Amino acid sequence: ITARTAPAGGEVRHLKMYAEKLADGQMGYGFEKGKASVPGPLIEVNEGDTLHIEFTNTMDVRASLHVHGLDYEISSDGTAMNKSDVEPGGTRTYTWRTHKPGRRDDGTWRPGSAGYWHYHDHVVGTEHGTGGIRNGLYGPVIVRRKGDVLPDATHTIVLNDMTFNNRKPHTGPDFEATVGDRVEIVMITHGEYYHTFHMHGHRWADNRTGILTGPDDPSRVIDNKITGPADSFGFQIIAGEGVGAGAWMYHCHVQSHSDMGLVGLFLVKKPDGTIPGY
């Protein structure tokens, strides 16, 4: 493999993170005050890394930070039950740990932390963060395994109820690439409804990475994946591979969801920057 690969982990990382009420009524996470985003900023670490997140709740209600898949003690649960949320104006240091796969003492195989995970609030609105998740307090986490193929860019599409990334329907989001780009998509589903993410002209493997290890990988290859609340998956694709440039749309394939406007455009450009038809 002559592509860029993820290195071995084991670094202790430090992060500052804020929960912010936005002008439009939404709430979002951010690395800087006044720079909150919906979805929240992407957190990407390697297996074995430890992450210390100094989380400050700038909001006037209790907020928290709860992560999937990663290792964390009960004190970083992010739940009210476990005294792990953050008072308004307060600041709390969460700790997320990751680990490499390996053989246990009993001879069994312990899985690693690698995967496409996500974080979200767990105390806003209800004791399960129904209000915070609805308002936009969610974000992706990528834990890479040593040797994982690294992409040229990573895009996050979050199916939050009847919206993509809390955007108004019929407004995308659209993103761009050039034929041959290695594009990584992180997909998170939140809310109350099930969905089916479909992508025109592209396909991926239904496994951890979206890529096949080789000729022996039995993982099914799909272009349509069913998804439910708190499901997080991701994949990589070669933009326009075998299909060329064009406005390749993606959408939920529940018929009235795509009719509602749960549609976006994966704009793959020719090397001259143009898209067939425009």
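Position 1 is the first residue in the sequence shown; the rest follow in order.
Taking only CA atoms, the mean B-factor in the PDB entry is higher for 165-173 than for the other of 118-126 and 165-173. The question of which stretch, 99-107 or 178-186, has the higher mean Cα B factor is settled in favour of 99-107. For residue 154, the recorded CA temperature factor ranks within the lowest third of the chain's modelled residues.
Residue 39 sits in the middle third of its chain by CA B factor, as recorded in the PDB entry.
Annotation for residue 87: C-alpha temperature factor in the highest third relative to the rest of the modelled chain, per the entry. Remark: residue 160 belongs to the highest third of its chain, ranked by C-alpha B-factor as recorded. Ranked by Cα temperature factor within the chain, residue 73 sits in the lowest third according to the deposited record.
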